[PDB]
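Here we start with a single chain on its own, the form deposited in one PDB entry, put down as structure tokens.
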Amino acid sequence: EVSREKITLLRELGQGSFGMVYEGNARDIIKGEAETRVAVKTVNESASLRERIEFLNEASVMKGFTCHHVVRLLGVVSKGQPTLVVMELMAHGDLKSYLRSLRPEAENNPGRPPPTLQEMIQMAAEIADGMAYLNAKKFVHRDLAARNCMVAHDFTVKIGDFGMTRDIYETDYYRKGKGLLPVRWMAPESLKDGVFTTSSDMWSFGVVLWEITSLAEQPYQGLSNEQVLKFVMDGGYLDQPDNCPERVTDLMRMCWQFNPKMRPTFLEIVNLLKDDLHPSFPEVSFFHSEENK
């Protein structure tokens, strides 16, 4: 809960799911910082009752999340209108857009090579650590994908959720049968039964890794949405991208076990990668913290 005068919207970052996301300046929201650049989530004038409820619900649920590898909620301006949901600025935006920019051909190439093996390991652990935290909170993401991971100024990757209705990744969703669903990221049991669990999140994590190593190509490229449903439910999974490191490939195969109970947990992933991460990882991670029991 934050005073309205402590927040100033500066510019549009882009359309969120039910409203515009702004970049703003926040006064005295973090201890030791007189100012902080922030992202500010708002709700459209054309948003429905159901959507406002989801918007506010998200803010409320995120009040209980504190993790270095999950996009943080800093505060809410809720007194009067409009509701401003203030969050940490992730300067480099979503991982899909970022990965696609790293393509040699890409017109918005930021002037740096594709991700190295060590950068891939670091990303993987950070994503897995954020998910491990969320799982400890009995949260199931339901839409884990590179497009929902976010990249900070220092290139730390964190779990986010833009929702499903951004125009830029429309084709990442299919209106199966009902509601929009990220079918190319979904576990076979989720496609069949409609159930989402931490284990189906793990499946999606496998797909995120595939995205990282393929610079965010479309999963099951040569298959239509209907074909993907049938392919995955019958035991199909993705092929390995070209020049994919063996270590990352091995993780993918763990994530894509048909039986969800054969898949690893997010804590197990971090445990596999822990030794090769940045020295700061133990000082910030959920995995190494007292909270992890």
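Throughout, we count residues from 1 along the sequence that is shown. For clarity, a rigid core is taken as the largest C-alpha set superposing within 1.5 Å between two forms.
Quick note: we don't show the form solved in complex with a partner chain, though the next part is all about it.
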(request) Quick one: from 124, 134, 215, 183, grab the residue that has a heavy atom within 4.5 Å of its partner chain in the deposited complex. (result) 183
(request) State yes or no: in the deposited complex, is some non-hydrogen atom of residue 164 no more than 4.5 angstroms from a non-hydrogen atom of its partner chain? (result) yes
(request) Examine residue 252 and determine whether its closest non-hydrogen atom to its partner chain in the deposited complex is within 4.5 angstroms. (result) no
(message) My question is simply whether residue 229 lines the interface with its partner chain in the deposited complex - judged by any non-hydrogen atom within 4.5 Å.
(response) yes
(request) Look up in the deposited complex whether residue 244 has a non-hydrogen atom within 4.5 angstroms of its partner chain, and give yes or no. (result) no
(message) With the core superposed, a Cα shift of 2 Å or more between this form and the one not shown singles out one residue among 142, 72, 92, 166. Which one is it?
(response) 166
(message) Following rigid core alignment, is the displacement of the residue 244 C-alpha between this form and the one not shown equal to or greater than 2 angstroms?
(response) no
(message) Does residue 12 shift between this form and the one not shown by 2 angstroms or more at the C-alpha, the core having been superposed?
(response) yes
(message) Relative to the superposed rigid core, does residue 49 relocate between this form and the one not shown - that is, does its Cα move 2 Å or more?
(response) yes
(request) Report the direction of the Cα distance change between residue 170 and residue 115 in the deposited complex, compared with the displayed form, as closer or farther; the change is 3 Å or more. (result) farther
(request) Tell me whether residue 170 and residue 96 end up closer or farther apart in the deposited complex, going by their C-alpha atoms; the shift is 3 Å or more. (result) farther
